[PDB]
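Below: the structure, in structure tokens.
Cβ placement follows ideal geometry from the backbone for every residue including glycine, while neighbour counts extend to all protein chains displayed. Nothing in this text is a laboratory measurement; each read-out follows from the coordinates by a stated rule.
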Amino acid sequence: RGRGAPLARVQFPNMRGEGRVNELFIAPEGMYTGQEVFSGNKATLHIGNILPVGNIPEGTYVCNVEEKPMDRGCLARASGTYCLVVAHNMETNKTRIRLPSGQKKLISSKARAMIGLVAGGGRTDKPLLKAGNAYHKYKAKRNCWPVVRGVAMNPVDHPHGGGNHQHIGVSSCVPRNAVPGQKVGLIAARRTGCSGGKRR
Amino acid sequence: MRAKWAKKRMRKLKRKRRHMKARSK
Amino acid sequence: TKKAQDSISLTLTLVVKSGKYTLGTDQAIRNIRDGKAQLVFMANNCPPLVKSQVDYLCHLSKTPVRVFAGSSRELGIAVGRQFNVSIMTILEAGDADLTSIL
Amino acid sequence: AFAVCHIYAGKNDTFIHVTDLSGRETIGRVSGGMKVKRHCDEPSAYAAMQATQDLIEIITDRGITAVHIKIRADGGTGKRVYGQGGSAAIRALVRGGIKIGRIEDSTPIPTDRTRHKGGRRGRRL
Amino acid sequence: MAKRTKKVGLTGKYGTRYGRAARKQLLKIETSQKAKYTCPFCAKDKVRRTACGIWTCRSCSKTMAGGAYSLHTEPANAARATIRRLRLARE
Amino acid sequence: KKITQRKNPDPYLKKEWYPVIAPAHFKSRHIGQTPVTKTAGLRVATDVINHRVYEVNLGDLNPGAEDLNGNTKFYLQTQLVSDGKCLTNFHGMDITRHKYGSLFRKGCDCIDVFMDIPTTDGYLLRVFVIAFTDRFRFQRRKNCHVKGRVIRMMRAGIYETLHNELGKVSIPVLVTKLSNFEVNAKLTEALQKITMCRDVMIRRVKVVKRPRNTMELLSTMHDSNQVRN
Amino acid sequence: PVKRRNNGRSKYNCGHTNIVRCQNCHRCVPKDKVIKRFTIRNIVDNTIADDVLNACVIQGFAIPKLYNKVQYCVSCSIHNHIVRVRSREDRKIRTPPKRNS
Amino acid sequence: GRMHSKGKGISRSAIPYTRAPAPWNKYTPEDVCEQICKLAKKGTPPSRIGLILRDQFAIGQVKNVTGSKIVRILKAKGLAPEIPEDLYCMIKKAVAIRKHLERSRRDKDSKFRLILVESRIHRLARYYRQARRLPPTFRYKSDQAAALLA
RNA sequence: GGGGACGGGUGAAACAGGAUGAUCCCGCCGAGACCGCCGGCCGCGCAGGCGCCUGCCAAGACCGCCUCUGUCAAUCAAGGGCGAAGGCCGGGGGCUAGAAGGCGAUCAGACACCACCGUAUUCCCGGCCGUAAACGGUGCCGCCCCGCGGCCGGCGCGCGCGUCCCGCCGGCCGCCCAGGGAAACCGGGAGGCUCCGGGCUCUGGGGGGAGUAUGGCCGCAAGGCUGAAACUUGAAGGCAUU
């Protein structure tokens, strides 16, 4: 209900008992009902398989990556979000990965990840279009819509508050050490405004 | 390039003339 | 490479024109079991349970089984039919199939 | 006592610097610009002549009896001709008594280069 | 025929409301979601979108993960090829 | 070598000079002296000079044969500081810039191939080679240009000579093969059957990857003079 | 009228050609129009070459000679006298003046 | 010159002035016709069977020996191809160009070639229909072209 | 890591960079463009255009041919596709260069050229645009066409024999005899044409007004395509000579 990404019920054998365990996995694009998936140090290299990040070759797109080994899923678990394997330090057993923000983190090669890019990709591309398709969207998630702008609220409800004209009246940028009730504007803003060429 | 600069002035006048036409449409 | 690909295309066309051929799995298994089959051509798209079952009956009747590129539609286009054709059996061939074991 | 002197010639200023064979540690450095007050005179060989004379005293104090010569222009997308002070740089060292070892071009020439300043019409001076 | 002359073909429902830019983007996104993509296994163009991220062949009955408004997204298709070329290289 | 013995400038008021020695295959092993700041808090001088890269000419490395291969240079990187003397391993080779320029001419076709070779040891190296065409003796026309069939055949040929020459040999064998110019020679004989060719020389060979701690490889490279083989 | 039948460009069967740059102007000129000279000259000044060679500790080390190609635009070349405005009859000659150095 | 190309090349076979069985000929007209049928059973396109007779055997021109052209001989035995071979070869070329284009929508040059080959198919087809070699019903369908090959 | 006062820039300068150690040297990494020298009277392509490596995929002209077909052809309103750059609209990415924008010199002014910084853009992907001095300022198919040279491909003849000699065909070119033109010049045509007729499409009819007005269509726009008149005027133009 909450996720815009499909989840897949994959049934593995139970090594401890006689049962077949059912595990809910993020479904990478192309996973098909009936697909056989292999998990482990000796796992193969097909979209779907879960194998230690070190084992996966550099350049592969991988999803549901583990920040630290045996965390059972941590990074790249949203729609169309993938993590790229940048490099493998053999001496430090540390593997660099580009998270879907661009930022690079070093992860123990022992950590696990799933080969593939998560499904439901290109979802943001569709305009929501109506307020109603937004209401139906956040019903599944928390009560965080509709949003009232703070400059519409009276002085007592929001720090932006209300005067004879709707204005913030003070710099939106607020200090990092602002107390709980004070942090309402843009926080720790290194820069503000639409400039361009921001790749520098 | 006087011919080029002349067609830029014609294009400017044609933009202003069409915009003024629209105000009174 | 494509010199051979043309030969496979010309054998299929000439079998369709002259010779007896069966389109589909139910017809294929019935013929393979009775040994009517001379060659079996299977599309890559054929289901992976069907592929392993035909392969065994073909081993039992000692009848060669080959994979035709991929997609039943592609086999279908080569047999000249719009409907998909997973398994084509060559019972008899108007153009000798030297590519029986291509 | 072999060492290598990399001589930037280029234009605008002349850099005469003697270093270890690795290039990691600089035995000595001097610039044509330091010697001349006027900015235009900085690439000129007279400024450079006074300049490598000063460097010779510092380098010969630190051994460096023999040097190898690597000379480079602006290179990259600019000039590719050594320019002014480069000819003086070997000559002044020869006056000093430093012994030449091998001479080479260190121009940073570009395979498939990036665009250079000026525009299609060029510097319309 | 030609009931609607312009790209208002699937956007006739939205009416005058929503603006041309929105509708223009929807005309491409909704045309693809409604369309029947080919089944990788069925080999029939009967795959249809059951839900965002879920596309089901109406012949095989197989359900396959895919993009929200298209069975195969271009980034996934590139990765599918990259993974195949990297596996065959590691073999 | 001046500061350790006596007075030199403020930086070199506390500095040392360490002898640098090249591999066994070369006639004059000593390369030169390295300036290095004396031992400090974490900056142990020997650790500081562990990975310095020297550029030696083959004429300097193997003197008395300067006229041949005066252009060819070898980049060598220290791997060990034993005996107060830096011991270096081969990390790169390139022909000089003055020669690279003299290699190209109008009315000639240039073939450059890059082929990364996994050696019989740990090192992985890319061999960059160059070849040019030359006028046949009769030459009614003035241009040494060849049809595509010669171009493809010749480039296929170059890869093959490296395949059966530098493809499966260890780094000490490679150093002897690039120094005596043996592998460069092999491409020419193969090319000579294929066409009229000039300048068929391996221009550059770079260390793409180094097996960690090639100390054992530096024993064979430096002190296996007895195993010259 | 047509001052030059080659139209100022050695462009035949081409339609479009690659682009190059005036060394000093940094102008953009089509490759066909560019003057294009190849100059091979000593790395050191020829006047100082003999002394440098004698000082060169290396036995039989030839002085390295720089090999470079200089390309200028028509405007750039006329000012730098790389090529000279010539009479209508003299334009038709295509042979280098006073006989590449 | 070529209809869709600006080339003016002239590589043309020139048939012999004297239309006669070769002096070294040792075969009857019926013998050649019986041989032709065997190659027709093999499915070899009519141009190829003429090349085979000229190179594998030594009949330079079929009209010179048999007294009829190869396609006329095929028609007599009803071993003629349903589509005249010339149209079939362009239709097959169009099918391959379409297949390559289906993988690549960015090959703008390939689309250009497809328009010309398809235009040639349409132009030739109209002539065959007027001649009555092919049915008035014939129409070129890109969708059915691959099936038409069979 | 090094070593120690400037560095950039220029026509001279000045601004921004330097003891928070710059410039400079050496290794190392990241990022994106871009295919250097070979590279052209080289070539390919329908033009626009096209140059790293290894593949992969369909092509294309040309030549060779005693292969097949038997007028299936030519040129083309409408109609369809393609179309440098800049621009646009959704997505990326972002080094460099860089319209705008900011600065620093100059000058009477400079707000322009030259320097410095820098956004859109350049690059990619899906669309749109539909224009260039898009030129070779020369439509296309057809024939005849005077010799002399080069170059590219295919083929043939001959001999010492070599990427030789001589052709042929298709191109890419230079010089020209005739001829032509108002000439400049074309001469593989701009020749064979006042002794004017091979075929077929497009456009032009003194200079402005004016590619404007208005109407239509097309475009998200920018604009494109079509397109006047009233009126004014005795010149406008080409190529050569001094």
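Using Cα positions and a limit of under 25 Å, work out the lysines in reach of E:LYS62, with same-chain residues fewer than 8 apart set aside. The qualifying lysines are C:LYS51, E:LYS34, E:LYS36, E:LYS44, E:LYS46. Listed by number, the DSSP H helices of chain C that run 15 Å or longer by alpha-carbon position along their axis and have mean Kyte hydropathy of at least -1.0 are C:2-17, C:50-61.
The calculated 222 nm mean residue ellipticity attributable to helices in chain F amounts to -7500 deg cm²/dmol, summing -39500 (n - 2.57) over DSSP H runs of n ≥ 4 and dividing by all residues.
Net charge of the neighbourhood of A:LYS198, taken over other residues with C-beta under 15 Å away and scored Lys/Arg +1, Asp/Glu -1, is +4.
How far is helix D:85-96 tilted, in degrees, relative to the longest principal axis of the Cα atoms in chain D, given as a value from 0 to 90 rounded to the nearest 10? Orientation of helix D:85-96: about 10 degrees from the principal axis. Take the Kirkwood radius over Cα pairs of segment H:21-122, plug it into Stokes-Einstein at 25 °C and 0.890 mPa s, and you get 156 µm²/s for translational diffusion. Packing-based ranking of A:64-71, A:124-131 yields A:64-71, A:124-131, ordered from highest to lowest mean Cβ neighbour count within 10 Å. Within 10 Å of the Cβ of each residue in D:93-105, the mean number of Cβ atoms contributed by other protein chains is 6. For chain A, the mean residue ellipticity at 222 nm estimated from helices alone is -1500 deg cm²/dmol, where every DSSP H run of n ≥ 4 contributes -39500 (n - 2.57) and the total is divided by all residues, rounded to the nearest 500. Legend: P(r) of chain D from all alpha carbon pair distances, 5 Å bins from 0, whole percents, reading 2, 12, 20, 21, 18, 12, 7, 4, 3, 1, 0. Is the shape of segment F:140-186 best called rounded, prolate or oblate, per the rule: a/c under 1.5 gives rounded, else a/b larger than b/c gives prolate, else oblate, with a ≥ b ≥ c the square roots of the Cα gyration tensor eigenvalues? Verdict is oblate for segment F:140-186. For F:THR78, nonlocal amide neighbours, meaning residues 5 or more places apart or on other chains whose placed amide H falls under 5 Å from its own, are F:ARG52, F:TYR54, F:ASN89.
Let me make sure I get this right: for segment E:23-91, a, b and c are the square roots of the gyration tensor eigenvalues over alpha carbons, sorted descending. Under 1.5 in a/c it's rounded, otherwise prolate if a/b > b/c, else oblate. Which is it? It would help to have the intermediate numbers written out before the result.
On the way: a/c = 2.87, a/b = 1.47, b/c = 1.94.
Note, shape of segment E:23-91 comes out oblate.
Can you tell me the convex hull volume per residue for chain A, based on C-alpha atoms, in Å³ to the nearest whole number?
Details: hull volume 43.8 nm³, N = 200.
It is 219 Å³ per residue.
What is the distance in Å between the Cα centroid of segment C:25-102 and that of segment D:100-125? Between the Cα centre of segment C:25-102 and that of segment D:100-125, the gap is 66 Å. Annotation: peptides A:89-97, F:19-27, ranked by per-residue average of other Cβ atoms within 10 Å with the highest first, follow the order F:19-27, A:89-97.
Of the beta bridges DSSP finds with both residues in the protein assembly as shown, what % are antiparallel, to the nearest 5? Please list the in-between numbers first.
Numbers: 103 of 122 bridges.
Among the beta bridges of the protein assembly as shown, antiparallel pairing accounts for roughly 85 percent.
Rg of the Cα atoms in segment F:130-229, relative to 2.2 N^0.38 Å, amounts to 1.39. Within the shell of other residues whose beta carbon sits under 15 angstrom from the beta carbon of H:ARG132, the net charge comes to +3, with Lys and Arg scored +1 and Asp and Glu -1.
Evaluate peptide E:17-23: per residue, the Cβ atoms of other protein chains within 10 Å of its Cβ; return the mean as an integer.
On the way: counts 2, 3, 2, 0, 1, 4, 2.
The per-residue average across the peptide is 2.
Extent of segment H:81-150 along its three principal axes (Cα atoms, max minus min coordinate, largest first): 40, 21, 18 Å. Size of segment G:1-96 from its Cα atoms: along the principal axes, largest to smallest, the extents are 62, 30, 24 Å. Within the same chain, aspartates and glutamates fewer than 8 places from D:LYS11 are excluded, and of the rest, those with a Cα less than 14 Å from its Cα are D:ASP41, D:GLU42, D:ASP74. With all pairs of different C-alpha atoms in the average, the Kirkwood value for the hydrodynamic radius of segment F:13-225 is 18.9 Å. Residue ranges C:72-82, A:150-160 sort as C:72-82, A:150-160 when ordered by packing (mean number of other C-beta atoms within 10 Å per residue, highest first).
Tilt of helix D:45-61 relative to the longest C-alpha principal axis of chain D, in degrees (0 to 90, nearest 10)? On a 0 to 90 degree scale, this one is about 40. Between 0 and 90 degrees, rounded to the nearest ten: what's the tilt of helix A:131-140 against the longest Cα principal axis of chain A? That helix lies at roughly 50 degrees to the long axis. Binning the alpha carbon pair distances of the protein assembly as shown at 10 angstrom intervals from zero yields the distribution 2, 6, 10, 13, 16, 16, 16, 12, 6, 2, 0, 0, expressed in whole percent. Near F:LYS209, which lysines are there with a Cα under 24 Å away, not counting those fewer than 8 places off in the same chain? Within the straight-line cut-off, F:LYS209 pairs with A:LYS94, A:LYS104, A:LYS105, A:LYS110, F:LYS73, F:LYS168, F:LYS177.
Distance between the C-alpha centers of segment D:8-35 and segment F:151-229? Whole Å please. If we compute the Cα centre of each part, the gap is 36 Å. Quick one: grab the alpha carbon gyration tensor of segment H:26-80, order the square roots of its eigenvalues as a ≥ b ≥ c, and give me rounded if a/c is under 1.5, else prolate or oblate depending on whether a/b is larger than b/c. Since a/c reaches 1.5 but b/c is at least a/b, the shape of segment H:26-80 is classed as oblate. Look at the stretch D:21-32: the mean tally of other chain Cβ atoms within 10 Å of its residues' Cβ atoms is 5.
Restricting to DSSP H runs of at least four residues, report the calculated mean residue ellipticity at 222 nm for chain H, -39500 (n - 2.57) per run over all residues, nearest 500 deg cm²/dmol.
On the way: 7 runs with 83 residues, N = 150.
Helix-only estimate at 222 nm: -17000 deg cm²/dmol.
Treating each Cα of chain C as an identical point scatterer and summing with the Debye formula, the log10 of I(q)/I(0) at q = 0.23 Å⁻¹ comes to -1.32.
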